[PDB]
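# Fold and geometry: a report
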Amino acid sequence: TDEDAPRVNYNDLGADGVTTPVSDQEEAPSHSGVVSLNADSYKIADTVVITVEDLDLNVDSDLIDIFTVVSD
Amino acid sequence: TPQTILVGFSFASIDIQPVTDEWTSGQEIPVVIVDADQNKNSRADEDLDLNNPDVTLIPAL
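Residues numbered from 1 in each chain as written, not as in the entry; some residues may be left out. Chains lettered and ligands numbered in written order. Part of a larger assembly, values for the part shown. Heavy atoms only, no water.

### Considerations on the overall build of chain B
When you go through chain B residue by residue, the secondary structure sums to zero helices and two strands. Relative to the 2.2 N^0.38 estimate, which gives 10 Å for 61 residues, the radius of gyration of chain B is 16 Å and therefore markedly larger than a compact globule would have. In chain B, buried positions account for 5% of the 61 residues. Once local pairs closer than 6 in sequence are excluded, the contacts in chain B between residues at least 24 apart make up 15%. Carbon and sulfur atoms make up 55% of the accessible area of chain B, which totals about 5900 Å². (Helix = DSSP H or I, 4+ residues; strand = E, 2+ residues; numbered from the N terminus. Rg over C-alpha atoms; globule rule 2.2 N^0.38 Å. Buried < 20%, exposed > 50% of the residue type's maximum accessible area, 1.4 Å probe, protein only. Contact = heavy atoms within 4.5 Å. Areas by Shrake-Rupley, 256 points an atom, 1.4 Å probe, with all protein chains shown as cover.)

### Points about the overall build of chain A
The helix and strand inventory of chain A stands at zero helices and four strands. Of the regular secondary structure in chain A, the N- to C-terminal order runs β-β-β-β. For chain A, the C-alpha radius of gyration of 23 Å lies well beyond 11 Å, the compact-globule estimate for 72 residues. By its C-alpha atoms, chain A is 75 × 25 × 20 Å across when sized along the principal axes. Relative to its 72 residues, chain A shows a buried fraction of 1%. Long-range contacts, defined here as pairs at least 24 residues apart, represent 12% of the contacts in chain A between residues at least 6 apart. Carbon and sulfur atoms make up 53% of the accessible area of chain A, which amounts to about 6800 Å² in all.

### Section: the interface of chain A and chain B
When the parts of a complex come together, some accessible area is lost, and that lost area is often taken as the interface size. Contacts between chain A and chain B engage four residues on the former and five residues on the latter. Surface buried jointly by chain A and chain B totals about 380 Å² across both partners, of which 74% is contributed by carbon and sulfur atoms. Looking at the side of chain A facing chain B, the largest losses of area belong to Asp62(A), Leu63(A) and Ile64(A), adding up to 86% of the total buried there. Scanning the region where chain A abuts chain B turns up zero salt bridges. At the boundary of chain A and chain B, one finds zero residue pairs in polar contact. (Buried area = accessible area lost by both parts, 1.4 Å probe. Salt bridge = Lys/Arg side-chain N within 4 Å of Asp/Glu carboxyl O. Polar contact = N/O pair within 3.5 Å; in protein donor to acceptor, adjacent residues only side chain to side chain.)

### Re a nonpolar patch on the surface
Residue and element names in this part refer to chain A. Among the surface-exposed residues, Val35, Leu37, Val48, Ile50 and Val52 lie close enough to one another that they form a single nonpolar patch of about 480 Å² accessible area. Contributions of two or more residues to the nonpolar patch are made by β3 (34–37) and β4 (50–53). Take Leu37: it is sitting in strand β3. Under the relative-accessibility criterion, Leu37 is labelled partly exposed at 45%. (Patch = residues over 30% accessible without salt bridge, like charges linked within 9 Å, V, L, I, M, F, W, Y side chains within 5 Å.)

### Observations regarding the layout of surface pockets
Residues and elements named next belong to chain B. The computed volume of the largest pocket comes to approximately 300 Å³. Lining the largest pocket we find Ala12, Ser13, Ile14, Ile33, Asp35, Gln38, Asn39, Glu46, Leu48, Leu57, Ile58 and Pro59. Classifying every residue of the lining of the largest pocket gives seven nonpolar, three polar and two charged. (1 Å grid on protein atoms, 1.4 Å probe; cavity = no way out; pocket = protein on both sides within 12 Å on 5 of 7 lines; lining within 4 Å. Points joined across faces, edges and corners; volume = space filled by probe spheres on them. Nonpolar A, V, L, I, M, F, W, Y, C, P; charged D, E, K, R; others polar.)

### Things to note about the environment of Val34(B)
Inspection of the secondary structure assignment puts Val34(B) in strand β2 (residues 31–34). Through-space distance from the C-alpha of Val34(B) to that of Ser10(B) is 9.4 Å; in sequence the pair is 24 residues apart.

Below you can see the structure in the form of C-alpha coordinates.
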(Lines give C-alpha, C1' and ligand atoms only; values in the text may rest on other atoms or scores of the structure.)
Protein backbone atom coordinates (compact mmCIF):
# COMPACT_ATOMS: atom_id res chain seq x y z
CA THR A 1 0.00 0.00 0.00
CA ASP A 2 0.95 3.70 0.05
CA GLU A 3 4.30 4.24 -1.68
CA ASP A 4 4.74 0.55 -2.59
CA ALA A 5 1.33 0.04 -4.22
CA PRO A 6 1.37 -1.74 -7.61
CA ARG A 7 1.98 1.04 -10.13
CA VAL A 8 1.79 0.65 -13.91
CA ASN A 9 4.14 2.80 -16.00
CA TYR A 10 3.66 4.01 -19.57
CA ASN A 11 5.76 6.52 -21.48
CA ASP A 12 4.06 8.88 -23.91
CA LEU A 13 4.95 11.58 -26.42
CA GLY A 14 2.92 14.57 -25.28
CA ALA A 15 1.31 17.21 -27.46
CA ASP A 16 4.27 19.49 -26.76
CA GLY A 17 6.74 16.84 -27.97
CA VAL A 18 8.43 15.68 -24.75
CA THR A 19 8.46 12.01 -23.72
CA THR A 20 6.76 12.58 -20.38
CA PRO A 21 5.60 9.43 -18.54
CA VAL A 22 2.08 8.80 -17.29
CA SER A 23 1.51 6.35 -14.45
CA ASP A 24 -1.32 5.05 -12.28
CA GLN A 25 -1.34 2.93 -9.14
CA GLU A 26 -3.92 0.99 -7.15
CA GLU A 27 -3.48 -0.40 -3.65
CA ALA A 28 -3.60 -4.18 -3.15
CA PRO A 29 -4.07 -4.59 0.61
CA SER A 30 -4.72 -7.77 2.55
CA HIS A 31 -7.70 -8.84 4.64
CA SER A 32 -8.03 -10.51 8.04
CA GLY A 33 -9.46 -13.98 7.43
CA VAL A 34 -12.54 -14.73 9.55
CA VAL A 35 -13.71 -18.32 10.08
CA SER A 36 -16.87 -19.19 12.00
CA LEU A 37 -19.43 -21.96 12.42
CA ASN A 38 -23.15 -21.69 11.74
CA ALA A 39 -24.19 -22.67 15.28
CA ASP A 40 -22.81 -22.50 18.81
CA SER A 41 -23.69 -26.14 19.57
CA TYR A 42 -23.94 -29.21 17.35
CA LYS A 43 -25.46 -32.67 17.70
CA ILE A 44 -24.07 -35.97 16.41
CA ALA A 45 -23.92 -35.85 12.60
CA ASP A 46 -25.26 -32.29 12.65
CA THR A 47 -23.48 -31.46 9.35
CA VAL A 48 -21.24 -28.66 10.60
CA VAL A 49 -20.25 -26.15 7.91
CA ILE A 50 -17.11 -23.99 7.92
CA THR A 51 -17.45 -20.53 6.36
CA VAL A 52 -14.12 -18.84 5.60
CA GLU A 53 -14.26 -15.24 4.36
CA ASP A 54 -10.86 -13.99 3.17
CA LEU A 55 -10.53 -12.34 -0.24
CA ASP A 56 -6.75 -12.89 -0.49
CA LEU A 57 -7.13 -16.62 -1.22
CA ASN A 58 -8.91 -15.93 -4.53
CA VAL A 59 -6.17 -16.57 -7.10
CA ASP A 60 -8.37 -16.46 -10.21
CA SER A 61 -11.54 -14.55 -11.10
CA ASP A 62 -12.36 -17.18 -13.76
CA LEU A 63 -11.82 -20.59 -12.14
CA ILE A 64 -13.38 -21.74 -8.88
CA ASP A 65 -10.72 -21.70 -6.16
CA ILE A 66 -10.57 -24.89 -4.09
CA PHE A 67 -8.40 -26.25 -1.28
CA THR A 68 -8.05 -30.00 -0.78
CA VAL A 69 -6.99 -31.88 2.36
CA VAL A 70 -3.55 -33.48 2.64
CA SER A 71 -3.48 -37.29 2.90
CA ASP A 72 0.15 -38.22 3.53
CA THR B 1 -11.49 -17.39 -20.91
CA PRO B 2 -11.23 -20.77 -19.19
CA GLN B 3 -14.22 -22.13 -17.29
CA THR B 4 -14.13 -24.83 -14.62
CA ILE B 5 -16.53 -27.68 -13.84
CA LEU B 6 -17.45 -28.30 -10.20
CA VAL B 7 -18.30 -31.79 -8.94
CA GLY B 8 -20.73 -31.52 -6.04
CA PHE B 9 -23.62 -33.51 -4.58
CA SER B 10 -26.90 -32.14 -3.23
CA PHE B 11 -29.41 -32.75 -0.45
CA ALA B 12 -32.50 -34.67 -1.53
CA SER B 13 -36.04 -34.41 -0.17
CA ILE B 14 -38.61 -37.14 -0.84
CA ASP B 15 -42.16 -35.96 -0.19
CA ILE B 16 -45.56 -37.66 -0.46
CA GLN B 17 -48.37 -35.24 -1.38
CA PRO B 18 -51.88 -36.69 -1.07
CA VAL B 19 -54.61 -35.11 -3.17
CA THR B 20 -56.58 -34.49 0.04
CA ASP B 21 -56.11 -34.63 3.82
CA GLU B 22 -56.52 -38.43 4.00
CA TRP B 23 -54.77 -41.16 2.00
CA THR B 24 -57.71 -43.50 1.55
CA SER B 25 -57.58 -46.77 -0.37
CA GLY B 26 -57.65 -46.71 -4.16
CA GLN B 27 -56.17 -43.21 -4.46
CA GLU B 28 -53.00 -42.80 -6.52
CA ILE B 29 -51.05 -39.86 -5.10
CA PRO B 30 -47.86 -38.39 -6.61
CA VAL B 31 -44.44 -39.00 -5.07
CA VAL B 32 -41.96 -36.17 -5.63
CA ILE B 33 -38.20 -36.73 -5.34
CA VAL B 34 -35.81 -33.79 -5.79
CA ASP B 35 -32.29 -35.16 -6.25
CA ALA B 36 -29.72 -33.51 -8.51
CA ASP B 37 -27.36 -36.48 -8.10
CA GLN B 38 -29.54 -38.65 -10.35
CA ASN B 39 -29.81 -35.95 -13.05
CA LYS B 40 -26.72 -37.10 -14.94
CA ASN B 41 -27.80 -35.70 -18.34
CA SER B 42 -28.96 -32.14 -18.99
CA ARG B 43 -30.22 -32.87 -22.53
CA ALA B 44 -32.34 -35.98 -21.92
CA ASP B 45 -34.69 -37.66 -19.46
CA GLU B 46 -33.18 -39.98 -16.84
CA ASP B 47 -35.51 -42.75 -15.66
CA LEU B 48 -34.65 -44.81 -12.60
CA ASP B 49 -34.27 -48.55 -13.20
CA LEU B 50 -33.42 -51.51 -10.99
CA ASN B 51 -32.03 -53.26 -14.09
CA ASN B 52 -29.65 -50.34 -14.73
CA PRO B 53 -26.45 -50.57 -12.64
CA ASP B 54 -25.75 -46.91 -13.44
CA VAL B 55 -28.83 -45.91 -11.43
CA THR B 56 -27.27 -46.59 -8.04
CA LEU B 57 -30.04 -45.46 -5.68
CA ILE B 58 -33.76 -46.28 -5.92
CA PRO B 59 -36.46 -45.42 -3.35
CA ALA B 60 -38.05 -48.41 -1.65
CA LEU B 61 -40.96 -49.25 0.64
